[PDB]
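Each remark here refers to the structure printed beneath this line.
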Amino acid sequence: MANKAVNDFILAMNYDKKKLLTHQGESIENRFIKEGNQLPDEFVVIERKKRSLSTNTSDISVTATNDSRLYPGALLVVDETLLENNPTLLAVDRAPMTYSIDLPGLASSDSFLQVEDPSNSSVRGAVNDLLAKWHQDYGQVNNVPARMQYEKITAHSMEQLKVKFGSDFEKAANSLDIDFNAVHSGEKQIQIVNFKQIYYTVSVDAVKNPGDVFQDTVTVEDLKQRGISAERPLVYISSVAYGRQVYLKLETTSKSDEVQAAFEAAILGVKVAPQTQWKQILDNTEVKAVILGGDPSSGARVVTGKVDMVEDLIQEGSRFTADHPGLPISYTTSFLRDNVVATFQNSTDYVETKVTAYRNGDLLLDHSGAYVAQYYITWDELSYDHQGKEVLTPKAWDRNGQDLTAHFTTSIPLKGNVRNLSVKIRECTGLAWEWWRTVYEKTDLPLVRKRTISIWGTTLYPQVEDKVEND
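Its first residue numbered 1, the sequence shown is counted upward by one per residue in this note's numbering.
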């Protein structure tokens with residue numbers, strides 16, 4: 001009867017499929033805090049980051065994988081962690097389960113066995129057990145059907161400049177001589193190497209009822225007290241594929257600025273003749289990659305990154321058996337409630353980060369162009385009263401609108417408690433048809449630890465760039 005009750009409870013939730021699944025957040029955030037009027041007053045904030053191919057991690061990734069190693073038989077609560085590729089695996093002892101491992105070719109009887117329900121004992125013990133068996137009995141013969149996938153995208157370009165100028169002045173009195181010589185040389189190099197391959201593929205046996213989720217003696221009331229309401233559902237890991245992933249990225253820049261001026265003179269009286277030169281060399285070399293696959297011999301070469309990396313890795317480790325061990329790549333979990341809601345996550349999860357600042361956090365304004373813009377820094381400021389109502393006292397900056405031709409640098413540090421900040425940095429283009437232009441504009445900006453707003457360019461193409469960091 002308990003099992004039936006558990007099933008009825010699971011059936012009862014009628015959570016919307018689109019809204020519930022689409023439960024994500026934004027970029028940065030901020031949360032204030034005020035209580036009482038006799039102690040102190042502080043404020044904090046919260047920001048979020050994302051990874052993909054730019055700023056990735058390997059150790060971190062590995063750690064994440066270990067945390068969510070529910071290849072078969074899982075139950076992640078659909079709330080926030082799931083969407084962020086990192087939820088909880090809270091699940092009471094359940095019934096036995098079976099996992100199939102389709103490959104190049106195997107037996108039927110041995111193909112499917114019997115697995116229990118643990119964290120990293122049966123799933124890792126059973127899978128590994130069978131995995132070794134295949135490599136043991138089956139020496140070679142059949143070839144593992146591994147789907148290869150790798151794309152290469154490089155981008156290298158250089159730029160040169162040779163400006164020569166030579167003129168001399170001579171009148172019926174004084175004689176002069178000018179000499180200008182400068183050369184420009186700037187070339188950049190960009191190349192992105194990618195590589196992916198999946199061989200191992202684990203799958204689970206769809207669930208019919210709560211027989212796999214809960215055992216004989218289950219508690220529908222004790223399990224609901226933990227964290228199983230209507231807002232969040234129980235998500236269980238579906239299938240899983242193994243394999244590796246070859247990564248490679250490197251970029252090298254170069255620039256040269258040689259200045260050589262030659263001045264000559266010979267006027268009736270004094271003889272001045274001087275000549276100065278100039279030199280400047282800038283180099284930038286950076287390389288980084290990651291091999292999720294997990295190789296050895298053909299691993300060092302790839303890591304270094306030369307010419308025989310991809311090939312050396314895609315020619316020595318073809319036959320997937322034991323030579324090259326696999327590694328968790330993709331991840332797929334299913335919702336154990338109505339055999340419908342299925343989530344499709346990746347392998348790289350986002351890393352949360354939250355800090356606090358007592359009286360830190362100031363706004364900087366770096367202007368380096370050939371245009372006159374009027375900064376409109378204006379923000380409000382709350383405050384507690386004797387009764388218990390939060391008042392408001394807007395206080396605009398001292399320089400609320402005015403022309404400021406380059407160079408121009410400043411910064412409006414914060415000030416304890418605050419809220420809202422209207423800034424209007426409209427650059428003056430002048431022209432003839434218009435008069436005022438609005439480049440950058442943001443409403444109710446988030447109190448960032450260290451935000452910077454600089455605009456590089458001329459009076460035609462505003463190349464503004466806002467910098468917001470929170471170390």
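Ideal placement from N, C-alpha and C gives every residue a C-beta, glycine not left out.
Three-way DSSP call (helix, strand, coil) for residue i in this model
| i | result |
| --- | --- |
| residue 124 | helix |
| residue 139 | coil |
| residue 379 | strand |
| residue 177 | strand |
| residue 436 | coil |
| residue 288 | strand |
| residue 134 | helix |
| residue 403 | strand |
| residue 129 | helix |
| residue 281 | strand |
| residue 24 | coil |
| residue 384 | strand |
| residue 354 | strand |
| residue 52 | coil |
| residue 368 | strand |
| residue 76 | strand |
| residue 31 | strand |
| residue 362 | strand |
| residue 442 | strand |
| residue 115 | strand |
| residue 395 | strand |
| residue 81 | coil |
| residue 276 | strand |
| residue 170 | strand |
| residue 92 | coil |
| residue 390 | strand |
| residue 373 | strand |
| residue 47 | strand |
Buried/exposed call for residue i, threshold 16 Cβ in 10 Å
| i | result |
| --- | --- |
| residue 323 | exposed |
| residue 237 | buried |
| residue 66 | exposed |
| residue 72 | buried |
| residue 373 | buried |
| residue 353 | exposed |
| residue 367 | buried |
| residue 158 | exposed |
| residue 233 | buried |
| residue 148 | exposed |
| residue 369 | buried |
| residue 411 | exposed |
| residue 358 | exposed |
| residue 143 | exposed |
| residue 282 | exposed |
| residue 37 | exposed |
| residue 465 | exposed |
| residue 298 | buried |
| residue 43 | buried |
| residue 320 | buried |
| residue 328 | buried |
| residue 346 | exposed |
Boundaries of the beta strand (DSSP E) in which residue i is found, first to last residue
| i | result |
| --- | --- |
| residue 311 | Careful: residue 311 lies outside any beta strand (DSSP E), inside the alpha helix (DSSP H) at 310-313. |
| residue 322 | Taken as a continuous stretch (DSSP letters only), residue 322 belongs to no beta strand (DSSP E), as it is neither H nor E. |
| residue 425 | 419-428 |
| residue 148 | 147-149 |
| residue 345 | 342-345 |
| residue 472 | This structure does not reach residue 472, given that the chain is present from 1 up to 471, and the question cannot be answered. |
| residue 413 | 408-413 |
| residue 454 | 450-456 |
| residue 99 | 99-101 |
| residue 334 | 331-335 |
Start and end residues, alpha helix (DSSP H) containing residue i
| i | result |
| --- | --- |
| residue 297 | 297-304 |
| residue 467 | From DSSP, residue 467 is part of no alpha helix (DSSP H) but of the beta strand (DSSP E) over 463-469. |
| residue 21 | 17-21 |
| residue 198 | Run containing residue 198: none in the alpha helix (DSSP H); it sits in the beta strand (DSSP E), 180-204. |
| residue 11 | 2-12 |
| residue 59 | 59-67 |
Distance cut-off 7 Å: residue i Cβ against heavy atoms of the ligand PLP
| i | result |
| --- | --- |
| residue 337 | What this structure holds is no ligand at all, so the ligand PLP is not there to describe. |
Inset, instruction - Check whether the region 211-223 touches the region 259-278, counting contact only when three or more Cβ pairs, one atom from each stretch, lie closer than 8 Å. - result: Counting C-beta pairs with one atom in each stretch, the region 211-223 and the region 259-278 have fewer than three that are closer than 8 Å, which means they do not touch.
Inset, instruction - Flag this pair as touching only if the region 162-177 and the region 128-141 have three or more C-beta atom pairs under 8 Å; answer yes or no. - result: Taking a cut-off of 8 Å for Cβ pairs, the region 162-177 and the region 128-141 do not touch, as fewer than three such pairs fall below it.
Inset, instruction - Write down every uninterrupted run of the beta strand (DSSP E) in the region 209-270 whose length is 3 residues or greater and which is fully enclosed by it, in chain order. - result: Fully enclosed beta strand (DSSP E) runs of 3 or longer: 234-237 and 240-262.
Legend entry - Inter-stretch contact (C-beta, 8 Å, three-pair minimum) for the region 256-268 and the region 170-184: Taking one beta carbon from each stretch, the region 256-268 and the region 170-184 have 3 or more pairs nearer than 8 Å; the two touch.
Legend entry - Three CB pairs or more closer than 8 Å across the region 332-341 and the region 9-20: The region 332-341 is in contact with the region 9-20.
Inset, instruction - Indicate whether the contact test is met: 3 or more Cβ pairs, each with one atom in the region 104-124 and one in the region 281-288, closer than 8 Å. - result: Verdict: no, contact absent.
Legend entry - the region 201-211 / the region 288-308 touching (three or more Cβ pairs under 8 Å): Remark: fewer than three beta-carbon pairs, one from each stretch, lie closer than 8 Å, so the region 201-211 and the region 288-308 are not flagged as touching.
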